[PDB]
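Structure first, commentary second.
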Amino acid sequence: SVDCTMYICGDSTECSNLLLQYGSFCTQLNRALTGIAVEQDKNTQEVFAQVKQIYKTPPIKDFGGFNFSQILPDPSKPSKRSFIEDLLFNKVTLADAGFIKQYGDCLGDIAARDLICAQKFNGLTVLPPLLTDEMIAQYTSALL
Amino acid sequence: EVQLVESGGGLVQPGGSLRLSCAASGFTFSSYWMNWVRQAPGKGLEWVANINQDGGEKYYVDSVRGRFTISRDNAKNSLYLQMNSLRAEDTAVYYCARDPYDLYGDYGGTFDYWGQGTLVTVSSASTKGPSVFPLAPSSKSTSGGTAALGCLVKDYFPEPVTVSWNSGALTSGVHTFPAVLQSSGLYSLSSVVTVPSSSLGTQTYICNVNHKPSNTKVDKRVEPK
Amino acid sequence: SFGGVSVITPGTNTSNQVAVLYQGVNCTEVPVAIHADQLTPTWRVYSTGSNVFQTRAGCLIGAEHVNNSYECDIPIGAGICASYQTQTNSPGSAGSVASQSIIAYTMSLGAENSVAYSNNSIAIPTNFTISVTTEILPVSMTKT
Amino acid sequence: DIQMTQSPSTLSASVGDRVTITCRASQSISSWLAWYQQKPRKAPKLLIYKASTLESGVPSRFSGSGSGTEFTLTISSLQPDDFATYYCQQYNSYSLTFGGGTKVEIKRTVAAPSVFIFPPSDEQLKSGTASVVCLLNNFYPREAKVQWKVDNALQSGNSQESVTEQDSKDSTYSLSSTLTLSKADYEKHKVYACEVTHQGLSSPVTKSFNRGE
Amino acid sequence: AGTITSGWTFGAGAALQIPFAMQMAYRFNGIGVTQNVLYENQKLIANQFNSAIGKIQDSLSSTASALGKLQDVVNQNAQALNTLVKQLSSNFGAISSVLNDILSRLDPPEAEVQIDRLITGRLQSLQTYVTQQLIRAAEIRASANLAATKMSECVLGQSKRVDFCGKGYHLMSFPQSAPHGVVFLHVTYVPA
Amino acid sequence: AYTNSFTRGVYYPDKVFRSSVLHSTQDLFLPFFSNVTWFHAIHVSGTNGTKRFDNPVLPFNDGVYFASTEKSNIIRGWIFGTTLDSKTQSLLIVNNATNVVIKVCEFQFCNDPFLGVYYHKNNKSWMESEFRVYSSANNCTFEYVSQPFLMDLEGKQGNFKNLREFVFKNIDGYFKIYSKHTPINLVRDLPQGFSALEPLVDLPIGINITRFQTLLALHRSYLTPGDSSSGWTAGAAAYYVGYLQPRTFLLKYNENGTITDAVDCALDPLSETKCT
């Protein structure tokens, strides 16, 4: 999500006045990205959410000899996530996690070593996903 | 004693006028708004009119607007309400009450003191004294049981009427029913009392009827057949 | 600290009580952002109170946190959903206006279920239903 | 203007119980509401002003609260003195308006009425009319039904009834019903009966008499 | 009409009229349930279908919300046009938003500069609008292709794809017109 | 004391006609659900005596929203200006019984100015003959006179009927007037409801006005400069004053072009949503 005003005008009264002359450019842009944002949530719901009820596997594994243990979520590890998928999270570069950044920790020329913080500076915000990772796993558990 | 006494009620024909008055005491009359509220029996209480402390500002309910005028004489410590073009509908008991100041607005206290009321009746009927008939004791039961007796006060106008038994000697078990306006337009009512059957013959039962408007007084002895 | 402000409200027809979501912020900054100490006591109530819920998405004020999980009416973020609910006890009455409130909760994935998995059993339906559902798709835009 | 509507119109409660009468204005009066107590034939007395301020000398049992358009007068511990009609009023704007009035009555154990029937006096007959009276004495609750039968024929439009105020001591009610007829009509028929139905009665009570006898 | 009368054949070639009861028997054959189930329960199935349809009438009648997929398209376009129309008002740095004013206001040598500001801006807005439409149009055309496929597979025949025709072993669909879009009334077999 | 001025104070932002459209504009308006200060008039009372005759000077701020319910038209007019003393021009609006006059002169204002109609004992008539706004005036820039009109001269007390609302703002040095008059006989004193005000008059005076005062009036009483609220007082009347603030509003124009409703944008988060 991006704020036009901060991005273009970032804390400048003299600037924002000039931006207004532009009319509706920002409102549409902000609107456009927001439309995108909802769509992603829509995407995740449609992809995963195919099942109404959330199923859980029984304590007995006897699957005709078929060995599912890798695929099923591993009750244990934080997040009831599966082994194979666990590697999958590991291979990728998560933008950030926790959604909490110490303000003070941040203020000068080094914090932008922390890229997200810098992004925090110029109106660039990252909305969190509606369906949390833990939540996503459950679907994957259920669909499975 | 803050007091308000109303005077001037009576029987009035349609089209007529009356002026009721309310004499006030116990407070600084000049400093307060006075109102007149009426309670017409079948209907409820209704606010008729109000006057400011200065006496200039006057307000009325729409029904009364041309017809009624409220006024006051502070030196006199009296409030008045002159009525005109009386209609049958105006029949009611009129109470003078001391009102709160409108200025108080959202915190209005309402009417603190009220008078006893003056009854004005608007009807074409003329004043007429009541007929009093005995309601003799009739019971199909053994004696020693209780018996009921009474007087039928009929065809009188206007209200009120006063009913007593044995000159106030006999209070207990006495029920004097509220009068009903009959089709004739005249008022009728009955007063009854329950007594022991043994008392019949031994005890005298006199019903005392006093109808002030007609200025008639009646004493009827009720006896068993 | 800065972030988006989103108003979570039920439809105006239903009510006018709202709940606000301060995105990506801690609850701490909202009383400091405005001078709560400076403000009148009428204003003071809004700054802080028991009725504040903090979530990953941001600080949501105006909504009471609820343990029970229900279907998601309005998405907040981070799996938290808000709805307008009141428990109602009245004969032959729909939930009438009462002490109603806005609640926020971990959105229910749905009634959780389990399947009696076994080496030797099947579940074969005795009867069925013929249902009809509606699927709607846009065909064309207006020929502008 | 504004209309004030009280509810319930009537109620019966036992002594010591808590009674709550409500009043609903058509539009916001604000705090401008007062309550009045009225006894039969007596003038109203002001109980509360500004929705919750007790008037001087009024008993503490009475209290009044309100917010928005709806206001309530509660009586914490009902007493026998409390029998009356209570009215709300709004001074907020002109014209001043009072509610319909709520009649409060003391609830007591059910009591059956004693029933008596009175034939017309000979003196009355000399006039044109004959008045037959039927007394229902000391019953509770107030609802009582009276049917008139002349030689077992139902009567309509020739009757009038009156009810007394609740008794001071008894807390009971009494009722009189009068059937009026022409002298000519009266002479026509033999049997005059008064039938009464009440909660108190397991079976109907009918009192009757024969004209000549 | 063909769907009712002819079965699937009307897509394949000349529509071959077939009695309706015969069609569902073929249709149930599609799910893995024999013909006997329908006839053995023909009245109830027929009735169940009948009652089912009425429900749609109520749902559609009751709430407009069902229609959101169409409504947003109309809404979006309306919004795009409104935004496009509203742009006319923006000064864009020009002294005024009205062309006729500028013309009446300034001589050509000076006016050309001001008008130029509007043209570069307005055109850019129009350019923005067009790009949005192309993208949006692609989305709709994507839906159209899907719609065609659904019409192709679901109406013209019984689709095998799970959750293509609605939740469950799909029976058949009845296409229905709509503004700027289409609505399908899928008939799906769900185990009770 | 304060009263809730729920919705009131909305007026047509401009001369332009619009229909069936929701337009947003920013002007100085009365914020919704803002407190207004209630001023009162009380007749002489008992020993305690509630009696009040409130004509203080109040601040002009950005703009004032003035509304009054008068039993009788006690309130004749207003005064606008910084000093409210001579050596400076000051706006003066007063309505004698006959007409309305607006005048800029550098008037010699009385310490406690007022106006008035006296109610004669012998007859019913109400006549205004107390006019003591100022002793004298000089260098008068502009003056206007209205037509004749009839109002309640006599002293009466209460807020029985007439509801009059006005908005006074300055636009580019312009003094603007807006008004709406609806009787609230049955209607509540300062009622809840929405009404739109439309511009009556334009005063090009361009006076810089810091403060204003309302002038109450009753001819039963005589006036001298230096009159410190002594003598007899007029009937009960109440007027309200509120302060305008820059705020956004969304105005709803009906087919007629009448403003049916409005939304205070800043009022609350719900209201903000309506704005977007």
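These protein sequence lines are chains P, H, V, S, Y and W, in that order.
Numbering follows the deposited numbering, in which position 9 of the first sequence is assigned residue number 743; successive positions increment by one, without gaps.
Numbering follows the deposited numbering, in which position 123 of the second sequence is assigned residue number 123; successive positions increment by one, without gaps.
Numbering follows the deposited numbering, in which position 117 of the third sequence is assigned residue number 707; successive positions increment by one, without gaps.
Numbering follows the deposited numbering, in which position 22 of the fourth sequence is assigned residue number 22; successive positions increment by one, without gaps.
Numbering follows the deposited numbering, in which position 20 of the fifth sequence is assigned residue number 898; successive positions increment by one, without gaps.
Numbering follows the deposited numbering, in which position 222 of the sixth sequence is assigned residue number 248; successive positions increment by one, without gaps.
Every residue gets a Cβ at the ideal spot worked out from N, C-alpha and C, and that includes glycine.
Query	Result
Proximal residues of chain P, C-beta to C-beta of residue 705 (chain V) below 9 Å	789, 790, 791, 792
Alpha helix (DSSP H) runs wholly inside the region 680-707 of chain V, at least 4 long, in chain order	none
Cβ of residue 262 (chain W) within 7 Å of any chain H Cβ	yes
Contacts of residue 599 (chain V) in chain W (Cβ-Cβ under 9 Å)	295, 296, 299
Separation of residue 226 (chain W) from residue 1 (chain S), as counted between CA atoms	29 Å
Whole-number beta carbon distance between residue 161 (chain W) and residue 136 (chain W), since they are thought to touch under 8 Å	7 Å
Minimum C-alpha distance to residue 1017 (chain Y) - residue among Y:947, Y:893, Y:922	Y:947
Delimiting residues of the beta strand (DSSP E) encompassing residue 665 (chain V)	664-667
Same chain only: Cβ atoms within 7 Å of residue 170 (chain S), ignoring 5 sequence neighbours per side	138
Residue 145 (chain W) (DSSP reduced to helix, strand or coil)	strand
Contact the region 16-25 of chain S vs the region 74-84 of chain S: 3+ CB pairs below 8 Å	yes
Chain-ordered neighbours of residue 756 (chain P) on chain Y, where CB pairs are closer than 8 Å	968, 970, 999
DSSP state of residue 205 (chain H) mapped onto helix, strand, coil	coil
Contacts of residue 45 (chain S) in chain H (Cβ-Cβ under 8 Å)	114
For residue 72 (chain H) and residue 78 (chain H), believed in contact at Cβ under 8 Å, the rounded distance	7 Å
C-beta neighbour in chain W for residue 93 (chain S), strict 7 Å	yes
Of the residues H:211, H:167, H:53, the one placed nearest residue 100 (chain H), counting alpha carbons only	H:53
Endpoints, the beta strand (DSSP E) within which residue 173 (chain S) is located	173-182
Pick from H:225, H:85, H:151 that is closest to residue 200 (chain H), judged by C-alpha positions	H:225
Extent of the continuous alpha helix (DSSP H) run through residue 769 (chain P)	759-782
Any chain W beta carbon closer than 7 Å to residue 176 (chain S)	no
Rounded separation between residue 115 (chain H) and residue 243 (chain W) - CA only	36 Å
Interface flag, residue 103 (chain H) vs chain W, CB-CB below 7 Å	yes
Neighbour-count burial assignment, residue 983 (chain Y), 16 or more Cβ in a 10 Å radius	exposed
Completely contained alpha helix (DSSP H) runs for the region 914-969 of chain Y, where each covers 4 or more residues	914-918, 920-940, 946-964
Residue from W:49, W:62, W:50 with nearest C-alpha to residue 33 (chain W)	W:62
Stretch-stretch touch, CB-based, cutoff 8 Å, three pairs: the region 239-257 of chain W with the region 76-95 of chain W	yes
Sheet register partners of residue 1103 (chain Y) (DSSP bridge)	What is shown of chain Y runs 879 to 1070, which leaves residue 1103 (chain Y) out entirely.
Within-7 Å CB hit, residue 170 (chain W) to chain H	no
Interface flag, residue 606 (chain V) vs chain W, CB-CB below 7 Å	yes
CA-to-CA distance, residue 116 (chain W) to residue 25 (chain S), given in whole angstroms	46 Å
Cβ of residue 610 (chain V) within 7 Å of any chain W Cβ	yes
Cβ of residue 26 (chain S) within 7 Å of any chain W Cβ	no
Residue 892 (chain Y) and residue 729 (chain V) closer than 7 Å at C-beta	no
C-alpha gap between residue 766 (chain P) and residue 859 (chain P), whole angstroms	15 Å
Residue 138 (chain W) (DSSP reduced to helix, strand or coil)	strand
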